[PDB]
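Positions are given from 1, in the same order as the sequence printed here. Start at 1 and go down the list; that is how both ligands and their atoms are numbered.
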Amino acid sequence: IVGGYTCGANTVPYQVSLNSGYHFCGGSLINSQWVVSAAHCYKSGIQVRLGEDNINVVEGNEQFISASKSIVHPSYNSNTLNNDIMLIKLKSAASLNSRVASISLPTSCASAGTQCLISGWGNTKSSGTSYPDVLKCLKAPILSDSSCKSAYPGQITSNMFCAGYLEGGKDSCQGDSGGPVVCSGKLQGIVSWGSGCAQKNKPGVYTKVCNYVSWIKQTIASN
Ligand SMILES: [Ca+2]
């Protein structure tokens, strides 16, 4: 997260870190046995880490559970990042509490102008590199599709939405991918891509989760 603030330990209970020997992506816990993340974060040997704040220090609220199965969206296109969403099933259910909790899926799409909370352990600089050890947060509004498509001509599909600031300075970034974008207590987006981080007129592009609620529910129910 660039230009954000330190969330605080366990203040974002649905935030998970995907670890394959190191943190490589974020994700959101939707129920005790399922995690949603970005399809571009796919890889084998994923261990899900919940209840994390400092990902390099065992502070006592963590739950490390390996994935039993990963399901990348049927129509995921790695070249365009269209349908950048993936589901991960845990080998065993997580113990839910005030520090480790699931996030509700939306029943309707959120409108432009809605303020959301984006979080992750990604790079904190628009130029250069600096990865934090504790969870970073950012409040940003959903941008209109018009400004979103003007910012990224020929690249924004109906399954994407922009959130952030056209002025730049604040945005999600490398390492934040797969993370949550929560608005009104509902998971509305997944950190997907953007041109660099926090650049002027290059806001973050997020997977529009409301378009995938049926696929998520049906997959969970049969797996
Ligand atoms: Ca820790």
Spacing of NE2 belonging to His73 relative to OG1 belonging to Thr207, to within rounding of 0.5 Å = 10.0 Å
Using only heavy-atom distances, determine whether the side chains of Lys136 and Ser119 contain a donor-acceptor pair under 3.5 Å.
-> no
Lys43 NZ: over 12 foreign heavy atoms closer than 6.0 Å = yes
What are the protein N, O or S atoms, given as residue plus atom name, that sit under 3.0 Å from the Ca ion (ligand 1)?
-> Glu52 OE1, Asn54 O, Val57 O, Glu62 OE2
Check which hydrophobic residues are tied to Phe24 through side-chain heavy-atom contacts below 4.5 Å, counting indirect links as well, and list them.
-> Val16, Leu18, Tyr22, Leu29, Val35, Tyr42, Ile46, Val48, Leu50, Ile65, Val72, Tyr76, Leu81, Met86, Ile88, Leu90, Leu96, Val100, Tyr152, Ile156, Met160, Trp193, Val205
All heavy atoms of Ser184 vs all of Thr114, minimum pair found to be OG-CG2, 4.2 Å
Are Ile1 and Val181 connected, step by step, through hydrophobic side chains (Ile, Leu, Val, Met, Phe, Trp, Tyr) whose heavy atoms are closer than 4.5 Å?
-> yes
